[PDB]
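Okay, data_26.txt now, which holds compact mmCIF, C-alpha atoms:
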# COMPACT_ATOMS: atom_id res chain seq x y z
CA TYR O 1 117.65 156.52 113.76
CA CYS O 2 114.63 158.02 111.97
CA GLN O 3 110.87 157.45 111.66
CA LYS O 4 109.25 160.10 109.45
CA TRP O 5 108.86 163.46 111.18
CA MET O 6 106.19 164.21 113.81
CA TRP O 7 106.94 160.75 115.17
CA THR O 8 105.98 159.87 118.76
CA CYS O 9 108.54 161.26 121.22
CA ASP O 10 109.85 159.16 124.12
CA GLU O 11 112.93 158.21 126.15
CA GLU O 12 114.47 156.73 123.02
CA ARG O 13 112.75 157.76 119.79
CA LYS O 14 113.78 157.35 116.15
CA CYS O 15 113.40 160.56 114.11
CA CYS O 16 116.32 161.98 112.15
CA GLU O 17 118.91 164.16 113.91
CA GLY O 18 117.35 167.10 112.09
CA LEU O 19 114.24 167.18 114.28
CA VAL O 20 113.36 168.44 117.76
CA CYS O 21 111.63 166.27 120.37
CA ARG O 22 108.33 167.45 121.85
CA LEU O 23 105.14 165.40 121.59
CA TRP O 24 105.92 164.81 117.91
CA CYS O 25 108.90 165.69 115.70
CA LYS O 26 108.39 169.28 114.54
CA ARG O 27 110.22 171.11 111.74
CA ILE O 28 112.11 174.38 112.18
CA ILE O 29 112.05 177.77 110.44
CA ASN O 30 113.60 181.22 110.82
CA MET O 31 111.13 183.33 108.84
Final C-alpha cells representation of the file:
Amino acid sequence: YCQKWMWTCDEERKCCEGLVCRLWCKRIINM
C-alpha cells in the first residue's frame, strides 16, 4: 500500500515499500 510518507506507523500501515516504519515514515540518505 501507500499513504504519503511520514504516515502513522502501526501493525499494518500503508506507506510505500520505499519507507521505514518508526513513528512516521522517514526518508533515507547516505550523505
Check: For the atom pair atom CA of residue 26 of chain O and atom CA of residue 5 of chain O, what is the interatomic distance in Å to one decimal place?
Finding: 6.7 Å
Next item on the list: Rounded to one decimal place, report the atom CA of residue 6 of chain O-atom CA of residue 27 of chain O distance in Å.
Entry: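 Result for atom CA of residue 6 of chain O versus atom CA of residue 27 of chain O: 8.3 Å, one decimal.
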Axis-aligned box over every listed atom of segment 4-18 of chain O, padded by 4 Å per side: centre and edges in Å to one decimal, as lines of an AutoDock Vina configuration file?
center_x = 112.4
center_y = 161.9
center_z = 117.8
size_x = 20.9
size_y = 18.4
size_z = 24.7
Next item on the list: Up to 9 Å from (112.8, 158.4, 111.8) in the file's coordinates: name the residues, counting only C-alpha atoms, as number ranges by chain.
Entry: O: 1-5, 7, 13-17
Next item on the list: Determine, counting only C-alpha atoms, which protein, DNA and RNA residues have an atom within 8 Å of an atom of residue 8 of chain O; residues of the same chain fewer than 5 positions away are not included. Present the result as a PyMOL selection string.
Entry: chain O and resi 13+23-25
Emit the selected residues as a tab-separated table (two decimals), in the frame of the given file, including C-alpha atoms.
chain	number	residue	atom	x	y	z
O	13	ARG	CA	112.75	157.76	119.79
O	23	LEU	CA	105.14	165.40	121.59
O	24	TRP	CA	105.92	164.81	117.91
O	25	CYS	CA	108.90	165.69	115.70
Checklist line | Distance query 6 Å from (108.5, 164.7, 123.7) using only C-alpha atoms, result as a ChimeraX atom specification | finding: /O:9-10,21-23
Rebuild segment 8-24 of chain O so that it carries N, CA, C and O atoms, then output the result as an mmCIF file, in the coordinates of the input.
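File written: part-v4.cif
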data_model
loop_
_atom_site.group_PDB
_atom_site.id
_atom_site.type_symbol
_atom_site.label_atom_id
_atom_site.label_comp_id
_atom_site.auth_asym_id
_atom_site.auth_seq_id
_atom_site.Cartn_x
_atom_site.Cartn_y
_atom_site.Cartn_z
ATOM 1 N N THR O 8 106.129 159.914 117.307
ATOM 2 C CA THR O 8 105.980 159.870 118.760
ATOM 3 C C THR O 8 107.309 160.044 119.492
ATOM 4 O O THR O 8 108.279 159.337 119.219
ATOM 5 N N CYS O 9 107.340 160.990 120.431
ATOM 6 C CA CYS O 9 108.540 161.260 121.220
ATOM 7 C C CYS O 9 108.545 160.443 122.509
ATOM 8 O O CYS O 9 107.505 160.265 123.141
ATOM 9 N N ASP O 10 109.720 159.953 122.898
ATOM 10 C CA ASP O 10 109.850 159.160 124.120
ATOM 11 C C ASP O 10 111.296 159.141 124.600
ATOM 12 O O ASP O 10 112.145 159.852 124.064
ATOM 13 N N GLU O 11 111.577 158.317 125.610
ATOM 14 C CA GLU O 11 112.930 158.210 126.150
ATOM 15 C C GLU O 11 113.929 157.995 125.019
ATOM 16 O O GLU O 11 114.931 158.704 124.913
ATOM 17 N N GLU O 12 113.628 157.029 124.161
ATOM 18 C CA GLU O 12 114.470 156.730 123.020
ATOM 19 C C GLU O 12 113.592 156.631 121.768
ATOM 20 O O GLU O 12 112.945 155.612 121.526
ATOM 21 N N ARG O 13 113.561 157.709 120.993
ATOM 22 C CA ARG O 13 112.750 157.760 119.790
ATOM 23 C C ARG O 13 113.606 157.851 118.530
ATOM 24 O O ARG O 13 114.697 158.421 118.549
ATOM 25 N N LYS O 14 113.088 157.309 117.432
ATOM 26 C CA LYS O 14 113.780 157.350 116.150
ATOM 27 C C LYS O 14 113.962 158.808 115.712
ATOM 28 O O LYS O 14 114.666 159.575 116.366
ATOM 29 N N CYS O 15 113.311 159.190 114.613
ATOM 30 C CA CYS O 15 113.400 160.560 114.110
ATOM 31 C C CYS O 15 114.832 160.929 113.751
ATOM 32 O O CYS O 15 115.764 160.641 114.501
ATOM 33 N N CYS O 16 115.002 161.571 112.603
ATOM 34 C CA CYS O 16 116.320 161.980 112.150
ATOM 35 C C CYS O 16 116.900 163.059 113.066
ATOM 36 O O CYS O 16 116.161 163.761 113.757
ATOM 37 N N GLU O 17 118.224 163.175 113.074
ATOM 38 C CA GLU O 17 118.910 164.160 113.910
ATOM 39 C C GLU O 17 118.426 165.577 113.629
ATOM 40 O O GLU O 17 118.591 166.473 114.457
ATOM 41 N N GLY O 18 117.838 165.783 112.456
ATOM 42 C CA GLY O 18 117.350 167.100 112.090
ATOM 43 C C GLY O 18 115.917 167.342 112.516
ATOM 44 O O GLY O 18 115.108 167.838 111.732
ATOM 45 N N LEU O 19 115.596 166.991 113.759
ATOM 46 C CA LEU O 19 114.240 167.180 114.280
ATOM 47 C C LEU O 19 114.253 167.300 115.801
ATOM 48 O O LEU O 19 114.961 166.565 116.489
ATOM 49 N N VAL O 20 113.453 168.226 116.321
ATOM 50 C CA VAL O 20 113.360 168.440 117.760
ATOM 51 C C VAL O 20 112.395 167.426 118.382
ATOM 52 O O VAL O 20 111.575 166.835 117.681
ATOM 53 N N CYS O 21 112.497 167.221 119.693
ATOM 54 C CA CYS O 21 111.630 166.270 120.370
ATOM 55 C C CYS O 21 110.673 166.954 121.343
ATOM 56 O O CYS O 21 111.090 167.520 122.352
ATOM 57 N N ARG O 22 109.386 166.875 121.026
ATOM 58 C CA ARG O 22 108.330 167.450 121.850
ATOM 59 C C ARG O 22 106.980 166.977 121.339
ATOM 60 O O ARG O 22 106.463 167.502 120.353
ATOM 61 N N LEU O 23 106.420 165.965 121.998
ATOM 62 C CA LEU O 23 105.140 165.400 121.590
ATOM 63 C C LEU O 23 105.306 164.648 120.268
ATOM 64 O O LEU O 23 105.111 163.434 120.200
ATOM 65 N N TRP O 24 105.690 165.382 119.229
ATOM 66 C CA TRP O 24 105.920 164.810 117.910
ATOM 67 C C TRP O 24 106.943 165.651 117.153
ATOM 68 O O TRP O 24 106.913 166.880 117.221
#
